[PDB]
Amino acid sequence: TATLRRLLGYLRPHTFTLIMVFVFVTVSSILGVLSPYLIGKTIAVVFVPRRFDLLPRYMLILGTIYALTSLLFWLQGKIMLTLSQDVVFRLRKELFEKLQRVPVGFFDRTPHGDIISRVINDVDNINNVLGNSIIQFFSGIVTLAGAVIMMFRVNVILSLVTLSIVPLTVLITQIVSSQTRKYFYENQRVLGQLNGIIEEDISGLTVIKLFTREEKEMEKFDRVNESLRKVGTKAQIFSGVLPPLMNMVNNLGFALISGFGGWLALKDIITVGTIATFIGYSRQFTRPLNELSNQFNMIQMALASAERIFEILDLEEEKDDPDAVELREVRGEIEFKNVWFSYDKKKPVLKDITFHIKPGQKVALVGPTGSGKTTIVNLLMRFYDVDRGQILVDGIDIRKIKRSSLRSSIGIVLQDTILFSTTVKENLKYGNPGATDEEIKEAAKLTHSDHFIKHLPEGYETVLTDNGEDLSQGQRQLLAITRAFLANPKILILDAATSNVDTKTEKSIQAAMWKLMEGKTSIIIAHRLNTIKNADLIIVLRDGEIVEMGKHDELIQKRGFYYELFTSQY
């Protein structure tokens, strides 16, 4: 009921239009009972007395009724179709916008296929609470109210007997509906699991093929697929078990009113004809009662899926400080003060990390595999927040500077290069959309990117494949370097930017890069120490701690852990 109140809340901006829908469906309902009445009247007025001179008039009246009834049905559907899709659109909009506010930590831990499922498969399931579901409910409540008034108009005593069988129908609906929601919520969560497998396997098929895991991934899939078939059958059975069960309940009610009706006839209260009349009037009451009860069992599909939709909508999202400041006239005064960090929040990754960088300086961050170099950077980008310590950008705490301004001042070439499925121009234009075609062509020429871009079938307008896999690994990095330089940040981070870029090209760019790097503060993470030896400051890391700090020549003659790293290169 709690989820139902929330889901029904999406109908509030459509209140007036939904009132019209109710007004039109009530007119359609009174016309729906007027139509067989008029057919019954035509037989008794023109056919029985054999005076067919009146027939064209009664036919014209009946024809106008059918013309109005059909036009109202069209009108009901036309406005409801647009009304329902506006609600479904709002729910899809609300989910995507929410994910853009939700922290990065969520995307790494939760499968992407399950999130994709919740946006399409789960939102598509809240359609059986909208459209004709609203029309049938509206028509159901009017027919039920319109029948119950006609029952007491015939016989009050018998009407109490037909109303006393209603709690039994309500009870069996409550048992069935609870089970329907139980198995349907499970069906939608197993669906997300299966959607997660198909999604991950397609994006890594080459690796599955290379290690002949095609069969082992099939049996992995078959475990979840069989689980989906098992709970999906249970949900489908419970969904349509109520209509034949209610026909059994109606028959018990019919037998009870036949006994009660017969009793009243023997007491001189009513006649035999009244019993035959009341069974006709009870049929116009049981029909909407079973229809509304079956509709309650059907809306469990939307209710179970609504839970999965709302689950994403109530996630603790990334929020800025109420008194947060915007960084104006950025220079590059980066500083770390006794910073401690852990991802799992059990075993520490970074331990008392403390260092100061003056504006303009080109600082190098070297260390072994799993030292915590990317962690230092990920904290500066504020993707994660410090356990105990302070990060100061331009002399202001990172928690006090708004995320919008912080990420505008700081640029990053991530360890793992992520490209988009668009033109080479649009991929480079990302970060700084207000960059001229000449500025893009000049920036690509500087990082030796322009050569292979021109060789493509459409040049800069060549549409790239998913993540830009239609290029060499090194060529993808060159595009990532160009995109970051085009963004023109005051603070630039080059975390393993030339991992797959050859030493010949690496030497060629470095010379032209310095001119586009001067007057800007930069943090360069590299395992190719021979490139970062020219840096103003070298921060040597090991086991999440700063062991050595200073210039290349100073650290080499010190014969420390930096010397051991530099010598190991040959």
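Position 1 is the first residue in the sequence shown; the rest follow in order.
Comparing 157-165 with 480-488, the higher mean C-alpha B-factor in the PDB entry belongs to 157-165. Stretch comparison (359-367 versus 419-427) by mean CA B-factor in the PDB entry places 359-367 on top.
Highest CA B-factor among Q475, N121, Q136, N250, as stated in the entry: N250. Across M517, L68, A526, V501, the greatest Cα temperature factor reported in the deposited entry is at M517. Among the modelled residues of its chain, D321 has a C-alpha B-factor that falls in the highest third according to the deposited record. Sorting the modelled residues of the chain by their CA temperature factor places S342 in the highest third. Residue-level temperature factors show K182 in the middle third of its chain, judged at the C-alpha atom. The deposited CA B-factor of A145 belongs to the middle third of values across its chain.
When all modelled residues of the chain are sorted by CA temperature factor, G232 is found within the lowest third.
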